[PDB]
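Numbering of residues begins at 1 and proceeds along the displayed sequence. First listed ligand is number 1; within each ligand, the first listed atom is number 1.
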Amino acid sequence: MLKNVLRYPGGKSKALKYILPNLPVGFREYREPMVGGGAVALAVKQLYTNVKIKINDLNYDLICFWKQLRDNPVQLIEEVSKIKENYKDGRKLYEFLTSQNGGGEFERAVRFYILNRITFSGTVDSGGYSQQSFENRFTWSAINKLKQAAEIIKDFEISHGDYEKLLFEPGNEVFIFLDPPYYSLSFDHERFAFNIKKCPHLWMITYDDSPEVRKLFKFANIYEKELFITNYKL
Ligand SMILES: C[S@@+](CC[C@H](N)C(=O)[O-])C[C@H]1O[C@@H](n2cnc3c(N)ncnc32)[C@H](O)[C@@H]1O
C-alpha cells in the first residue's frame, strides 16, 4: 500500500485514519482540486478501484510531475536515476536544479521531483537545500516507489489551474477533498469559502483549528487542533 511519493509538511498520509472512515456513502467520483502530494487520492484509488479520480493543482511544476509520472514513467525514473548517480554533491545538485528556468513537462517533472526530495520540507522557498533530505529522503527506495505510483495513477484525470473548475464541474455522486494552504501571493480563504458555499457536490476541507476558520465556515459542519469541515453529517 503506497502512502506518499512527494514530501509536503501539510501531507495527509498520517490523517488518513481520520479521513477514510468519513468519506460519503456511494461516491463514484473523487476530486482533489488542490492535490499537492495527493496522499488521499493515492489511498482512495487503492481502496476503491472503480471511482473516477480527478486531481488539480495551481502549481504547474507539480502537475508536470504528476502528468509525466502517469504518461512517461520509464523515462522520468531513468532521468531521475541518472541524475542521482552523477551528482554525488547535493549542494551542487541543488544549485544546478534551482538555476534552471522554463522547460517542457518532462524537464519540469525531473526538476520538481528531485527538488522535492533534496529540500528542507519539499519546497525551495520554505527552507531551501537540506543535506539531511539529500542523504535520507533522495533515496533509491523512494525512486523505486515511482513505478508503483505510476500504475496507481494511470487513469487519473490531471489538470493545472484554480480549484474552482473541479468545484463546479457537473457530475454524479461526486466527493471533493480540499486541503488548502494553511490559514494566515497568499491563498484567498474568503474566495475559497464563497465558492465552496455554492459547490453542488459533497466536500470535506482540512484546516488547522482557528477562530477565524470556525467563523468563515460557521455555515458548515465542523468536526475536531485539526478540523474536518463538511456539508454532509459524519
Ligand atoms: C496544503 S497543500 C495540499 C496537499 C495535499 N493534501 C497532500 O497530501 O500533499 C495546498 C495545495 O494548494 C495548492 N493551491 C494553492 N492555491 C490553489 C488554487 N487556487 N487552485 C488549486 N490549487 C491551489 C498548492 O499548490 C498546494 O499544493
Side-chain angles (χ1 to χ4, degrees), residues 1-2 4-20 22-23 30-47 53-67 69-70 105 108-109 111-113 115-117 119-127 133 137 142 145-146 149 152-153 156-169 175-199 201 203-210 213 216-217 226-230:
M1 184 99 174
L2 172 74
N4 285 300
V5 338
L6 299 173
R7 308 163 58 232
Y8 272 74
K12 293 292 180 288
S13 78
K14 311 228 70 157
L16 277 185
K17 57 178 285 134
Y18 306 134
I19 292 155
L20 297 181
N22 288 301
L23 268 28
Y30 172 81
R31 298 179 186 177
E32 203 170 337
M34 300 168 320
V35 60
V40 182
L42 296 175
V44 161
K45 174 58 188 72
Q46 289 174 98
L47 294 165
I53 291 159
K54 305 194 184 160
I55 69 169
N56 177 82
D57 206 282
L58 188 57
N59 182 338
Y60 178 65
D61 291 296
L62 169 65
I63 294 305
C64 288
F65 170 72
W66 282 124
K67 291 186 171 181
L69 185 58
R70 187 186 61 192
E105 291 213 334
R108 278 173 185 281
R111 178 194 318 148
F112 180 84
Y113 177 75
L115 283 179
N116 176 260
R117 307 308 299 184
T119 49
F120 174 68
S121 66
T123 76
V124 163
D125 292 348
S126 296
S133 296
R137 310 296 317 265
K145 288 183 322 195
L146 287 178
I152 289 166
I153 71 170
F156 281 22
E157 295 188 20
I158 301 164
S159 67
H160 153 260
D162 194 78
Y163 61 83
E164 277 178 4
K165 190 183 177 75
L166 277 179
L167 249 43
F168 296 123
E169 186 181 316
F175 170 65
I176 309 185
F177 176 79
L178 294 145
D179 181 12
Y182 73 76
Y183 185 95
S184 55
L185 190 55
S186 73
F187 186 84
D188 193 341
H189 295 274
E190 325 310 307
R191 180 167 70 90
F192 180 53
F194 176 85
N195 282 280
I196 197 60
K197 274 209 66 132
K198 309 187 183 210
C199 172
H201 304 291
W203 46 261
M204 175 185 291
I205 314 170
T206 56
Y207 271 114
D208 283 349
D209 204 335
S210 88
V213 155
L216 203 50
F217 289 96
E226 254 294 324
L227 305 176
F228 308 71
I229 309 175
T230 72

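No side-chain donor-acceptor contact under 3.5 Å links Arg108 to the backbone of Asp61.
Under a 4.0 Å heavy-atom criterion, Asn4 is not in contact with ligand 1. The closest approach between any non-hydrogen atom of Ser13 and ligand 1 is not below 4.0 Å.
Close contacts between ligand 1 and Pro180 involve ligand atoms 1 (C), 10 (C) [criterion: under 4.0 Å to a heavy atom]. The ligand atoms of ligand 1 that sit less than 4.0 angstrom from a heavy atom of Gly38 are 7 (C), 8 (O), 9 (O). Close contacts between ligand 1 and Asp162 involve ligand atoms 18 (C), 19 (N), 20 (N) [criterion: under 4.0 Å to a heavy atom]. Below 4.0 Å from some heavy atom of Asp179 lie the following atoms of ligand 1, by number and element: 1 (C), 2 (S), 3 (C), 4 (C), 5 (C), 6 (N), 10 (C). Within ligand 1, the atoms closer than 4.0 Å to a non-hydrogen atom of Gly161 are 20 (N), 21 (C), numbered from 1 in the order shown.
Of the protein's non-hydrogen atoms, the one nearest atom 26 (C) of ligand 1 is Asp57 OD2, 3.7 Å. In terms of protein heavy-atom proximity, atom 23 (C) of ligand 1 is nearest to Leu58 CB, 3.6 Å. Protein heavy atom nearest atom 12 (O) of ligand 1, with residue, atom name and distance: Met34 CB, 3.5 Å. The protein heavy-atom contact nearest to atom 4 (C) of ligand 1 is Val35 O, 3.5 Å.
At a heavy-atom cutoff of 4.0 Å, ligand 1 is contacted by the backbone of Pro33 but not by its side chain.
Taking the side chain as every heavy atom from C-beta outward, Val5 and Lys145 never approach each other to under 4.5 Å.
By the ring pair (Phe, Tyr, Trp, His ring centres under 6.0 Å) test, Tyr183 is found to be paired with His189, residues two or more places apart in sequence or in another chain being considered.
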